[PDB]
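Engineer: Questions regarding the structure given below will be posed in turn.
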Protein chains: 2
Amino acid sequence: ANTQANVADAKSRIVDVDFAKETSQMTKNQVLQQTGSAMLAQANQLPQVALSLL
Amino acid sequence: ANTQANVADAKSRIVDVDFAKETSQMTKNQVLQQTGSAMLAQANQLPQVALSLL
């Protein structure tokens, strides 16, 4: 029983996820998605300077 | 008759239980059972911090 407890602890250190870290990464990538979407939508409007010159 | 009395005394010293000691052990293990039950019930609620982070 002792050894089972210690070995399950050891395995958990390797296999399981950390919620405190992974939620932070998720929120960071959410914000980056919104920023990149805005920036790409603004980037697709660059060829319209030619209509002004034309 | 003398020898029977002395030998029954000798056997009682080996085989019979001590009530004063055994009742004390019983009460100690009762209290430990209640404490361990409370502590295990409180231990099964630890994975709920993730719902807070989530």
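Starting from 1 in every chain, residues are counted up; chains themselves are A, B, ... following the order of the structure tokens, and ligands are numbered from 1 as listed.
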Please report as a ChimeraX atom specification which residues of chain A come no farther than 8 Å from chain B, using only C-alpha atoms.

Structural biologist: /A:19-20,23

Engineer: Mind writing the picked residues with C-alpha atoms as a compact mmCIF listing (two decimals), in the first residue's frame?

Structural biologist:
# COMPACT_ATOMS: atom_id res chain seq x y z
CA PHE A 19 -4.42 23.63 -14.49
CA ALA A 20 -2.87 26.85 -13.15
CA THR A 23 -5.47 28.08 -18.20

Engineer: Report chain B as a tab-separated table (two decimals) with N, CA and C atoms, in the first residue's frame in the frame of chain A, after least-squares superposition over all C-alpha atoms paired in order.

Structural biologist:
chain	number	residue	atom	x	y	z
B	1	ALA	N	0.82	-1.21	0.00
B	1	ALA	CA	0.00	0.00	0.00
B	1	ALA	C	0.86	1.26	0.00
B	2	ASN	N	1.88	1.30	0.87
B	2	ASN	CA	2.82	2.42	0.84
B	2	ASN	C	3.40	2.64	-0.55
B	3	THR	N	3.93	1.58	-1.16
B	3	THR	CA	4.62	1.73	-2.43
B	3	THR	C	3.67	2.16	-3.54
B	4	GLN	N	2.44	1.66	-3.52
B	4	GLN	CA	1.45	2.09	-4.50
B	4	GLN	C	1.20	3.58	-4.41
B	5	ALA	N	1.02	4.11	-3.19
B	5	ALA	CA	0.84	5.55	-3.05
B	5	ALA	C	2.02	6.34	-3.62
B	6	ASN	N	3.25	5.95	-3.26
B	6	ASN	CA	4.41	6.71	-3.73
B	6	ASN	C	4.59	6.62	-5.24
B	7	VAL	N	4.32	5.46	-5.84
B	7	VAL	CA	4.49	5.31	-7.28
B	7	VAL	C	3.41	6.06	-8.05
B	8	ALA	N	2.18	6.10	-7.52
B	8	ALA	CA	1.14	6.88	-8.18
B	8	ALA	C	1.45	8.37	-8.13
B	9	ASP	N	1.99	8.85	-7.00
B	9	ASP	CA	2.52	10.21	-6.95
B	9	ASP	C	3.56	10.46	-8.04
B	10	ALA	N	4.54	9.55	-8.15
B	10	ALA	CA	5.59	9.68	-9.15
B	10	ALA	C	5.02	9.76	-10.57
B	11	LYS	N	4.04	8.91	-10.88
B	11	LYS	CA	3.45	8.91	-12.22
B	11	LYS	C	2.66	10.19	-12.48
B	12	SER	N	1.94	10.67	-11.47
B	12	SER	CA	1.18	11.91	-11.62
B	12	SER	C	2.10	13.08	-11.94
B	13	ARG	N	3.29	13.11	-11.34
B	13	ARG	CA	4.23	14.18	-11.66
B	13	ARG	C	4.61	14.21	-13.14
B	14	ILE	N	4.50	13.08	-13.83
B	14	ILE	CA	4.92	13.01	-15.23
B	14	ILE	C	3.75	13.18	-16.19
B	15	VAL	N	2.59	12.60	-15.90
B	15	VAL	CA	1.54	12.45	-16.90
B	15	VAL	C	0.49	13.55	-16.81
B	16	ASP	N	0.14	13.99	-15.61
B	16	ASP	CA	-1.02	14.87	-15.43
B	16	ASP	C	-0.71	16.31	-15.80
B	17	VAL	N	-1.76	17.07	-16.10
B	17	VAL	CA	-1.63	18.45	-16.52
B	17	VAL	C	-1.71	19.36	-15.30
B	18	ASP	N	-1.14	20.55	-15.44
B	18	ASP	CA	-1.21	21.60	-14.44
B	18	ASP	C	-2.26	22.61	-14.88
B	19	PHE	N	-3.33	22.75	-14.09
B	19	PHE	CA	-4.42	23.63	-14.49
B	19	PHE	C	-4.03	25.10	-14.39
B	20	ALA	N	-3.27	25.46	-13.35
B	20	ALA	CA	-2.87	26.85	-13.15
B	20	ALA	C	-2.05	27.38	-14.32
B	21	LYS	N	-1.22	26.53	-14.91
B	21	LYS	CA	-0.38	26.94	-16.03
B	21	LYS	C	-1.16	26.89	-17.34
B	22	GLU	N	-2.01	25.89	-17.49
B	22	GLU	CA	-2.61	25.63	-18.79
B	22	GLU	C	-3.74	26.62	-19.06
B	23	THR	N	-4.46	27.04	-18.02
B	23	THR	CA	-5.47	28.08	-18.20
B	23	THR	C	-4.85	29.41	-18.60
B	24	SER	N	-3.67	29.72	-18.05
B	24	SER	CA	-2.97	30.94	-18.43
B	24	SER	C	-2.56	30.91	-19.89
B	25	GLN	N	-2.00	29.78	-20.34
B	25	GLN	CA	-1.66	29.66	-21.76
B	25	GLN	C	-2.90	29.80	-22.64
B	26	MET	N	-4.02	29.22	-22.22
B	26	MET	CA	-5.24	29.32	-23.02
B	26	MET	C	-5.68	30.77	-23.18
B	27	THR	N	-5.69	31.54	-22.09
B	27	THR	CA	-6.12	32.93	-22.18
B	27	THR	C	-5.18	33.76	-23.04
B	28	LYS	N	-3.87	33.52	-22.93
B	28	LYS	CA	-2.93	34.23	-23.79
B	28	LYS	C	-3.22	33.97	-25.27
B	29	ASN	N	-3.46	32.71	-25.64
B	29	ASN	CA	-3.70	32.43	-27.05
B	29	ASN	C	-5.05	32.96	-27.53
B	30	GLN	N	-6.04	33.03	-26.65
B	30	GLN	CA	-7.30	33.69	-26.99
B	30	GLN	C	-7.08	35.15	-27.40
B	31	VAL	N	-6.37	35.90	-26.55
B	31	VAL	CA	-6.12	37.31	-26.87
B	31	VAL	C	-5.33	37.44	-28.17
B	32	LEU	N	-4.33	36.57	-28.36
B	32	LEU	CA	-3.55	36.66	-29.60
B	32	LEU	C	-4.40	36.35	-30.82
B	33	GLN	N	-5.36	35.44	-30.70
B	33	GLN	CA	-6.25	35.18	-31.83
B	33	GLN	C	-7.05	36.41	-32.20
B	34	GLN	N	-7.62	37.10	-31.21
B	34	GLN	CA	-8.40	38.29	-31.53
B	34	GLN	C	-7.54	39.38	-32.16
B	35	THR	N	-6.32	39.57	-31.64
B	35	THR	CA	-5.43	40.58	-32.20
B	35	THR	C	-5.01	40.23	-33.63
B	36	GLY	N	-4.68	38.96	-33.88
B	36	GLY	CA	-4.26	38.57	-35.21
B	36	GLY	C	-5.38	38.64	-36.23
B	37	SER	N	-6.60	38.32	-35.80
B	37	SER	CA	-7.76	38.49	-36.67
B	37	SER	C	-7.94	39.95	-37.07
B	38	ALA	N	-7.91	40.86	-36.09
B	38	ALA	CA	-8.02	42.28	-36.40
B	38	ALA	C	-6.92	42.74	-37.35
B	39	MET	N	-5.69	42.26	-37.13
B	39	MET	CA	-4.57	42.74	-37.93
B	39	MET	C	-4.63	42.21	-39.35
B	40	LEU	N	-5.10	40.98	-39.54
B	40	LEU	CA	-5.26	40.44	-40.89
B	40	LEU	C	-6.39	41.13	-41.64
B	41	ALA	N	-7.49	41.42	-40.95
B	41	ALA	CA	-8.58	42.15	-41.59
B	41	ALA	C	-8.13	43.54	-42.02
B	42	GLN	N	-7.28	44.18	-41.21
B	42	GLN	CA	-6.74	45.48	-41.61
B	42	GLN	C	-5.70	45.35	-42.72
B	43	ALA	N	-5.02	44.20	-42.79
B	43	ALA	CA	-3.99	44.02	-43.80
B	43	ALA	C	-4.58	43.79	-45.19
B	44	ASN	N	-5.74	43.14	-45.27
B	44	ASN	CA	-6.35	42.92	-46.58
B	44	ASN	C	-6.89	44.18	-47.25
B	45	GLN	N	-6.80	45.35	-46.62
B	45	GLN	CA	-7.27	46.59	-47.23
B	45	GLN	C	-6.15	47.46	-47.80
B	46	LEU	N	-4.94	46.93	-47.94
B	46	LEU	CA	-3.84	47.75	-48.43
B	46	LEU	C	-3.86	48.04	-49.93
B	47	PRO	N	-4.31	47.14	-50.82
B	47	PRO	CA	-4.31	47.48	-52.25
B	47	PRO	C	-5.27	48.59	-52.64
B	48	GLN	N	-5.96	49.23	-51.70
B	48	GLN	CA	-6.91	50.27	-52.06
B	48	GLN	C	-6.28	51.66	-52.16
B	49	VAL	N	-4.97	51.79	-51.96
B	49	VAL	CA	-4.32	53.08	-52.20
B	49	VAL	C	-4.22	53.35	-53.69
B	50	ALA	N	-4.15	52.28	-54.49
B	50	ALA	CA	-4.06	52.43	-55.94
B	50	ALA	C	-5.30	53.11	-56.51
B	51	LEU	N	-6.48	52.77	-55.98
B	51	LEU	CA	-7.70	53.43	-56.43
B	51	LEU	C	-7.65	54.93	-56.16
B	52	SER	N	-6.99	55.33	-55.07
B	52	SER	CA	-6.80	56.75	-54.82
B	52	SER	C	-5.87	57.37	-55.85
B	53	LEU	N	-4.76	56.70	-56.17
B	53	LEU	CA	-3.87	57.24	-57.19
B	53	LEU	C	-4.52	57.22	-58.56
B	54	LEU	N	-5.52	56.38	-58.76
B	54	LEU	CA	-6.08	56.15	-60.08
B	54	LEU	C	-7.26	57.07	-60.35

Engineer: Write out as a PyMOL selection string all residues of chain A that backbone DSSP assigns to alpha helix (DSSP H).

Structural biologist: chain A and resi 2-15+19-43+49-53
